[PDB]
$ cat model_20.cif   # mmCIF, C-alpha atoms and all ligand atoms
data_my_file
loop_
_atom_site.label_atom_id
_atom_site.label_comp_id
_atom_site.auth_asym_id
_atom_site.auth_seq_id
_atom_site.Cartn_x
_atom_site.Cartn_y
_atom_site.Cartn_z
CA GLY A 3 21.02 -39.69 -0.62
CA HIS A 4 19.58 -36.70 -2.49
CA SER A 5 19.24 -36.83 -6.26
CA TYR A 6 17.91 -34.24 -8.67
CA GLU A 7 17.16 -37.11 -11.02
CA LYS A 8 14.94 -39.07 -8.61
CA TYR A 9 11.99 -38.31 -6.35
CA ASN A 10 13.12 -37.57 -2.79
CA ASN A 11 11.20 -38.18 0.46
CA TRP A 12 10.67 -35.36 2.91
CA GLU A 13 13.56 -36.33 5.18
CA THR A 14 15.88 -36.03 2.19
CA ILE A 15 14.40 -32.75 0.93
CA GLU A 16 14.63 -31.17 4.38
CA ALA A 17 18.28 -32.19 4.70
CA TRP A 18 18.80 -30.86 1.20
CA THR A 19 17.41 -27.39 2.02
CA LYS A 20 20.00 -27.06 4.75
CA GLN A 21 22.80 -28.56 2.65
CA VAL A 22 22.38 -26.58 -0.58
CA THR A 23 22.07 -23.43 1.49
CA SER A 24 25.23 -24.36 3.41
CA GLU A 25 27.15 -25.00 0.17
CA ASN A 26 25.98 -21.78 -1.50
CA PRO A 27 25.61 -19.14 1.29
CA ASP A 28 26.49 -16.52 -1.32
CA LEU A 29 23.34 -17.28 -3.35
CA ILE A 30 20.90 -18.84 -0.88
CA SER A 31 19.44 -18.21 2.55
CA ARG A 32 16.82 -20.35 4.29
CA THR A 33 13.89 -19.65 6.59
CA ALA A 34 10.56 -21.19 7.49
CA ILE A 35 7.35 -19.28 6.85
CA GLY A 36 5.38 -21.52 9.19
CA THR A 37 4.68 -25.03 10.42
CA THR A 38 2.26 -27.68 9.15
CA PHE A 39 -0.67 -29.29 10.98
CA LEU A 40 1.73 -32.04 11.99
CA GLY A 41 4.52 -29.66 12.98
CA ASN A 42 6.82 -29.93 9.99
CA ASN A 43 8.76 -26.78 8.97
CA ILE A 44 7.61 -25.02 5.82
CA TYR A 45 10.99 -23.97 4.41
CA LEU A 46 11.48 -21.07 2.04
CA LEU A 47 14.73 -20.62 0.12
CA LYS A 48 15.69 -17.14 -0.88
CA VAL A 49 17.76 -17.47 -4.06
CA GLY A 50 19.79 -14.54 -5.31
CA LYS A 51 22.84 -12.36 -4.86
CA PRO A 52 21.95 -10.41 -1.70
CA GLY A 53 21.32 -6.67 -1.91
CA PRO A 54 19.11 -3.74 -0.78
CA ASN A 55 15.52 -3.37 -1.96
CA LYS A 56 15.46 -5.97 -4.71
CA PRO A 57 12.22 -7.06 -6.39
CA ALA A 58 11.25 -10.72 -6.08
CA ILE A 59 9.46 -13.56 -7.75
CA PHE A 60 7.67 -16.14 -5.67
CA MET A 61 7.45 -19.79 -6.64
CA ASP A 62 6.09 -22.71 -4.71
CA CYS A 63 5.85 -26.39 -5.38
CA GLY A 64 4.00 -29.28 -3.74
CA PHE A 65 0.56 -27.80 -3.04
CA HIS A 66 -0.83 -31.21 -3.97
CA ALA A 67 0.82 -34.22 -2.41
CA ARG A 68 0.69 -36.72 -5.29
CA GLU A 69 2.09 -34.38 -7.92
CA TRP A 70 5.68 -35.46 -7.28
CA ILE A 71 7.23 -33.85 -10.39
CA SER A 72 6.30 -30.48 -8.90
CA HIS A 73 8.47 -30.94 -5.83
CA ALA A 74 11.16 -32.25 -8.16
CA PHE A 75 11.14 -29.04 -10.16
CA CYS A 76 11.69 -26.63 -7.27
CA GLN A 77 14.80 -28.58 -6.33
CA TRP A 78 15.96 -28.61 -9.94
CA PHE A 79 15.44 -24.88 -10.21
CA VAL A 80 17.56 -24.14 -7.17
CA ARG A 81 20.46 -26.25 -8.40
CA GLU A 82 20.32 -24.75 -11.91
CA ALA A 83 20.42 -21.27 -10.43
CA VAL A 84 23.55 -21.98 -8.38
CA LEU A 85 25.27 -23.95 -11.16
CA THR A 86 24.79 -21.45 -13.94
CA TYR A 87 25.24 -18.25 -11.96
CA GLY A 88 28.34 -16.55 -13.26
CA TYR A 89 28.34 -18.93 -16.22
CA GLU A 90 25.07 -18.19 -18.03
CA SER A 91 24.44 -14.49 -18.56
CA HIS A 92 20.66 -14.44 -18.15
CA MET A 93 20.48 -16.39 -14.88
CA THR A 94 23.39 -14.28 -13.67
CA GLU A 95 21.44 -11.10 -14.45
CA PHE A 96 18.34 -12.54 -12.77
CA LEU A 97 20.04 -13.35 -9.47
CA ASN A 98 21.86 -10.04 -9.46
CA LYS A 99 18.74 -7.93 -10.01
CA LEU A 100 16.05 -9.91 -8.20
CA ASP A 101 15.49 -12.66 -5.69
CA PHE A 102 13.59 -15.91 -6.15
CA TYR A 103 11.52 -17.04 -3.21
CA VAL A 104 11.41 -20.78 -3.72
CA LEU A 105 9.08 -22.78 -1.52
CA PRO A 106 10.02 -26.40 -2.26
CA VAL A 107 7.13 -28.19 -0.54
CA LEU A 108 4.05 -26.42 0.82
CA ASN A 109 1.96 -29.47 1.66
CA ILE A 110 4.65 -31.44 3.55
CA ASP A 111 2.20 -33.53 5.59
CA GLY A 112 0.37 -34.74 2.57
CA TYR A 113 3.64 -35.41 0.76
CA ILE A 114 4.89 -37.63 3.55
CA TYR A 115 1.59 -39.51 3.33
CA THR A 116 2.09 -40.26 -0.35
CA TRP A 117 5.37 -41.90 0.66
CA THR A 118 4.12 -43.80 3.74
CA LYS A 119 0.50 -44.72 3.04
CA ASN A 120 -1.30 -43.52 -0.05
CA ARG A 121 0.45 -42.56 -3.25
CA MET A 122 -2.67 -40.80 -4.65
CA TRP A 123 -3.24 -38.50 -1.66
CA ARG A 124 -3.80 -34.84 -2.59
CA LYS A 125 -4.93 -32.76 0.36
CA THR A 126 -3.39 -31.75 3.70
CA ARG A 127 -3.59 -34.11 6.70
CA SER A 128 -5.59 -31.94 9.09
CA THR A 129 -8.59 -33.32 11.04
CA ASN A 130 -12.16 -32.20 10.52
CA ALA A 131 -14.97 -31.73 13.03
CA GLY A 132 -17.83 -34.22 12.83
CA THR A 133 -16.05 -36.73 10.60
CA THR A 134 -13.01 -38.97 10.37
CA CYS A 135 -12.35 -37.82 6.82
CA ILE A 136 -8.95 -36.09 6.64
CA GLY A 137 -7.54 -33.05 4.90
CA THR A 138 -8.32 -29.84 3.05
CA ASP A 139 -7.43 -29.05 -0.54
CA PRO A 140 -4.82 -26.29 -0.10
CA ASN A 141 -5.71 -24.89 -3.51
CA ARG A 142 -9.31 -24.45 -2.49
CA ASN A 143 -8.51 -22.85 0.88
CA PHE A 144 -7.49 -19.28 -0.13
CA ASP A 145 -9.71 -16.22 0.19
CA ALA A 146 -10.72 -15.96 -3.44
CA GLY A 147 -14.41 -16.44 -4.08
CA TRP A 148 -13.80 -19.06 -1.41
CA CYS A 149 -15.78 -22.32 -1.72
CA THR A 150 -18.24 -20.85 -4.27
CA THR A 151 -17.59 -23.17 -7.24
CA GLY A 152 -15.54 -26.21 -8.20
CA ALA A 153 -14.98 -27.06 -4.54
CA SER A 154 -16.66 -29.36 -2.06
CA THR A 155 -18.05 -28.67 1.38
CA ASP A 156 -17.66 -32.37 2.14
CA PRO A 157 -14.42 -33.07 4.06
CA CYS A 158 -14.39 -36.52 2.44
CA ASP A 159 -13.87 -35.02 -1.02
CA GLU A 160 -10.46 -34.32 -2.58
CA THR A 161 -11.50 -30.71 -3.33
CA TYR A 162 -12.80 -29.95 0.18
CA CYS A 163 -12.46 -26.22 0.69
CA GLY A 164 -11.79 -26.29 4.42
CA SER A 165 -13.81 -24.98 7.36
CA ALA A 166 -12.90 -21.40 6.40
CA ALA A 167 -10.49 -19.56 4.12
CA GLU A 168 -6.94 -20.02 5.41
CA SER A 169 -8.24 -22.60 7.89
CA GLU A 170 -5.06 -24.54 7.12
CA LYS A 171 -1.79 -23.62 8.78
CA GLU A 172 0.05 -24.12 5.52
CA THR A 173 -2.20 -21.81 3.52
CA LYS A 174 -2.40 -19.13 6.20
CA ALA A 175 1.39 -19.27 6.37
CA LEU A 176 1.82 -18.78 2.65
CA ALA A 177 -0.75 -15.96 2.58
CA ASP A 178 0.81 -14.28 5.58
CA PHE A 179 4.20 -14.30 3.92
CA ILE A 180 2.96 -12.82 0.66
CA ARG A 181 0.99 -10.10 2.47
CA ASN A 182 4.04 -9.20 4.48
CA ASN A 183 6.20 -8.99 1.37
CA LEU A 184 3.75 -7.59 -1.14
CA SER A 185 5.82 -4.53 -1.99
CA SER A 186 8.64 -6.67 -3.34
CA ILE A 187 6.96 -9.71 -4.86
CA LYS A 188 6.31 -8.99 -8.52
CA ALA A 189 5.15 -12.38 -9.71
CA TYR A 190 3.62 -15.52 -8.24
CA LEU A 191 4.26 -18.93 -9.81
CA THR A 192 2.75 -22.14 -8.46
CA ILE A 193 3.85 -25.47 -9.85
CA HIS A 194 1.50 -28.42 -10.33
CA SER A 195 0.88 -31.56 -12.41
CA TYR A 196 -0.39 -32.85 -14.63
CA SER A 197 -1.90 -31.47 -17.86
CA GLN A 198 0.82 -29.41 -19.50
CA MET A 199 -0.86 -26.01 -19.09
CA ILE A 200 -0.05 -22.47 -18.16
CA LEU A 201 -3.01 -20.97 -16.37
CA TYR A 202 -3.77 -17.50 -15.13
CA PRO A 203 -6.80 -15.88 -13.38
CA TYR A 204 -9.57 -16.24 -13.01
CA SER A 205 -10.69 -19.68 -11.89
CA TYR A 206 -13.12 -18.60 -9.17
CA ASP A 207 -15.26 -16.70 -11.65
CA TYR A 208 -15.70 -16.35 -15.40
CA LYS A 209 -14.58 -12.71 -15.23
CA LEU A 210 -11.25 -11.67 -16.68
CA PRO A 211 -8.26 -9.85 -15.18
CA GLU A 212 -7.76 -6.28 -16.39
CA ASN A 213 -4.39 -7.22 -17.87
CA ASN A 214 -5.95 -10.28 -19.44
CA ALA A 215 -4.30 -9.45 -22.78
CA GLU A 216 -0.87 -9.11 -21.25
CA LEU A 217 -1.13 -12.36 -19.31
CA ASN A 218 -2.35 -14.22 -22.37
CA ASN A 219 0.52 -12.97 -24.54
CA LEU A 220 3.08 -13.73 -21.81
CA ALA A 221 1.72 -17.23 -21.27
CA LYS A 222 1.62 -17.81 -25.01
CA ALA A 223 5.26 -16.83 -25.47
CA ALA A 224 6.37 -18.90 -22.49
CA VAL A 225 4.67 -21.96 -23.94
CA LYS A 226 6.58 -21.40 -27.16
CA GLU A 227 9.89 -21.20 -25.32
CA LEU A 228 9.10 -24.38 -23.42
CA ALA A 229 8.35 -26.27 -26.64
CA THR A 230 11.66 -25.29 -28.25
CA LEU A 231 13.55 -28.04 -26.41
CA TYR A 232 11.54 -31.22 -26.98
CA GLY A 233 8.43 -30.05 -28.75
CA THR A 234 6.34 -30.57 -25.62
CA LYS A 235 3.01 -28.88 -26.24
CA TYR A 236 1.35 -26.75 -23.62
CA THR A 237 -2.03 -25.11 -23.70
CA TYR A 238 -2.80 -21.81 -21.93
CA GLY A 239 -5.51 -19.45 -20.73
CA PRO A 240 -7.78 -18.30 -17.87
CA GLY A 241 -8.22 -21.18 -15.45
CA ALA A 242 -12.01 -21.20 -15.47
CA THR A 243 -12.40 -21.76 -19.21
CA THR A 244 -9.12 -23.57 -19.79
CA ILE A 245 -9.57 -26.49 -17.38
CA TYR A 246 -12.44 -25.74 -14.99
CA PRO A 247 -14.04 -23.26 -12.61
CA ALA A 248 -12.45 -23.55 -9.18
CA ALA A 249 -12.56 -21.15 -6.28
CA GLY A 250 -10.12 -20.54 -3.47
CA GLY A 251 -6.92 -20.96 -5.46
CA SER A 252 -3.66 -19.20 -4.61
CA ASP A 253 -2.98 -17.85 -8.09
CA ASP A 254 -6.27 -15.93 -8.09
CA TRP A 255 -5.74 -14.82 -4.53
CA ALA A 256 -2.21 -13.57 -5.25
CA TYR A 257 -3.41 -11.69 -8.30
CA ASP A 258 -6.18 -10.04 -6.28
CA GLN A 259 -3.51 -8.88 -3.81
CA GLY A 260 -2.06 -6.81 -6.63
CA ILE A 261 0.51 -9.26 -7.99
CA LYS A 262 -0.11 -8.72 -11.68
CA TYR A 263 1.73 -11.77 -12.93
CA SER A 264 0.25 -14.95 -11.50
CA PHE A 265 0.51 -18.37 -13.10
CA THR A 266 -0.30 -21.94 -12.34
CA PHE A 267 2.04 -24.27 -14.18
CA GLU A 268 0.80 -27.79 -14.84
CA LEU A 269 3.74 -29.97 -15.87
CA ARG A 270 3.94 -33.37 -17.68
CA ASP A 271 2.25 -35.33 -18.78
CA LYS A 272 -1.12 -35.59 -20.47
CA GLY A 273 -2.24 -38.76 -18.75
CA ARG A 274 -0.18 -41.72 -19.95
CA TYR A 275 1.53 -41.77 -16.57
CA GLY A 276 -0.27 -38.91 -14.90
CA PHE A 277 0.90 -38.30 -11.34
CA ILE A 278 3.23 -41.29 -11.45
CA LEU A 279 5.63 -39.72 -13.96
CA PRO A 280 8.70 -41.97 -14.37
CA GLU A 281 11.92 -40.65 -12.87
CA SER A 282 13.53 -41.00 -16.30
CA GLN A 283 11.46 -38.00 -17.39
CA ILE A 284 12.40 -35.79 -14.46
CA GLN A 285 15.36 -34.22 -16.25
CA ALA A 286 13.70 -33.41 -19.57
CA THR A 287 10.54 -32.14 -17.86
CA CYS A 288 12.58 -29.84 -15.67
CA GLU A 289 14.85 -28.58 -18.43
CA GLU A 290 11.96 -27.50 -20.64
CA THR A 291 10.11 -26.00 -17.70
CA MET A 292 13.19 -23.91 -16.85
CA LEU A 293 12.91 -22.16 -20.19
CA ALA A 294 9.37 -21.00 -19.49
CA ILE A 295 10.26 -19.83 -15.96
CA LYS A 296 13.27 -17.87 -17.19
CA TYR A 297 11.22 -16.29 -19.96
CA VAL A 298 8.67 -15.07 -17.42
CA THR A 299 11.43 -13.88 -15.12
CA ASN A 300 13.03 -11.87 -17.92
CA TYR A 301 9.63 -10.35 -18.74
CA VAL A 302 8.91 -9.35 -15.15
CA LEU A 303 12.34 -7.76 -15.03
CA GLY A 304 11.68 -5.43 -17.93
CA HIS A 305 8.24 -4.55 -16.62
CA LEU A 306 9.12 -3.25 -13.18
CA UNK B 2 -5.09 -32.17 -11.01
CA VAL B 3 -8.62 -33.14 -9.99
CA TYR B 4 -9.66 -36.61 -10.98
CA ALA B 5 -10.30 -37.21 -13.52
CA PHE B 6 -9.82 -34.09 -15.47
ZN ZN C 401 -2.21 -29.67 -8.44
#
$ encode --input "model_20.cif" --output "structure tokens" --more "lines below"
Ligand SMILES: [Zn+2]
Amino acid sequence: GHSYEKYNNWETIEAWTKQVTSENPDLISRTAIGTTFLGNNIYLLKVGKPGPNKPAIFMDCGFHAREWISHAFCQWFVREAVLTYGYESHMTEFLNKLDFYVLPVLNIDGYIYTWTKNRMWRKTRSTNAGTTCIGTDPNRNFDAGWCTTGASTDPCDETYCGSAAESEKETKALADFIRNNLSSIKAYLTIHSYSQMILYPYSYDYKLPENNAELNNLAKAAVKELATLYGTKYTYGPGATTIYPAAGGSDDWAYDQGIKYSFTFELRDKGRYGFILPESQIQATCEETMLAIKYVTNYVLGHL
Amino acid sequence: XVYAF
């Protein structure tokens, strides 16, 4: 069965999205924003106390298949929201004043593959013309300086940028949803591992966002809040200079759509376990990450 | 998350 304290396969997560919604219809509704190359449903959970014309914050997990702690966190977040609503004053204010769009697993096909065949798989599972090599890197497939740096044109590489921007059903789906809901979405948060970083634009170029100072201060303060629990140390900054230049990422793309607060979170750890983070760390990782997310949420709220 | 950075 489903556990927030263990890593769950896709069958279990899909059942969970229906179940948690069913148990908390007052705080959650579910849709799909599209289907994957292999026909799986890309579920989106709308978390919040329903109401007219509320602002929103968008968060996805599971862009990259092997980064299992990411998927884990989106599930954790949803439970924490429904548990503490009405009991913890900040979360209660958050869900009353805005909605969270939580996309638990974007790259479902790849995630299934990490369970069935190859634990270190990263990309999607789409086919490519002229080769048997499989998959596009979803975080190289957005229309943001697309395929110009830090990406590969070789389908056999783990950073393959795709045949065109939004060539992938999963990425086109995510981009379509954000475009369609741009007037309400105030922040974009995409959850990865590993490295323990908070990153903001730009990665597709060395240039800086006009609110570079604001983003840096917000990231800095969120890192502090995260460290308060267990002393876990995060680093922060523009993606290009903080980890590497990389084009076609969704954080940059979202920011260039006019979403002024856009962050890539890279969770635990720093390499001891890497992608294969032990389940015994799921709880602590998620608890500390919650503090950073809630700090950003509070900030967005007072900067509407 | 690119190997091996
Ligand atoms: Zn990643």
$ residues_near_ligand --input "model_20.cif" --ligand "ligand ZN 401 (chain C)" --cutoff "8 Å" --atoms "only C-alpha atoms and all ligand atoms" --output "MDAnalysis selection string"
(chainID A and resid 64:66 69 124 141 193:196 268) or (chainID B and resid 2:3)
$ atom_distance --input "model_20.cif" --atom1 "atom CA of residue A:39" --atom2 "atom CA of residue A:259"
25.4 Å
$ residues_around --input "model_20.cif" --residues "residue B:5" --least-positions-apart "4" --cutoff "12 Å" --atoms "only C-alpha atoms" --output "list in words"
residues 160, 196, 197, 245, 246, 272, 273, 276 and 277 of chain A
$ closest_residue --input "model_20.cif" --among "A:270, A:32, A:222, A:181" --to "chain B" --atoms "all atoms listed in the file"
A:270
$ residues_around --input "model_20.cif" --residues "residue A:30" --least-positions-apart "5" --cutoff "12 Å" --atoms "only C-alpha atoms" --output "ChimeraX atom specification"
/A:19-25,46-52,80-81,83-84,87,97,101-104
$ decode --input "model_20.cif" --residues "chain B" --atoms "N, CA, C and O atoms" --output "compact mmCIF listing (two decimals), in the first residue's frame"
# COMPACT_ATOMS: atom_id res chain seq x y z
N UNK B 2 21.31 17.39 -11.87
CA UNK B 2 21.34 15.95 -11.70
C UNK B 2 22.08 15.24 -12.82
O UNK B 2 22.00 14.01 -12.95
N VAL B 3 22.81 16.03 -13.64
CA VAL B 3 23.61 15.38 -14.69
C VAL B 3 24.83 14.70 -14.15
O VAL B 3 25.59 15.29 -13.37
N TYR B 4 25.02 13.42 -14.57
CA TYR B 4 26.32 12.84 -14.15
C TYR B 4 27.49 13.45 -14.90
O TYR B 4 27.43 13.66 -16.10
N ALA B 5 28.57 13.71 -14.13
CA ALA B 5 28.51 13.41 -12.69
C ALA B 5 28.68 14.66 -11.87
O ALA B 5 29.55 14.74 -11.01
N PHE B 6 27.81 15.64 -12.16
CA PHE B 6 28.04 16.89 -11.47
C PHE B 6 27.22 17.02 -10.23
O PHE B 6 27.34 18.00 -9.50
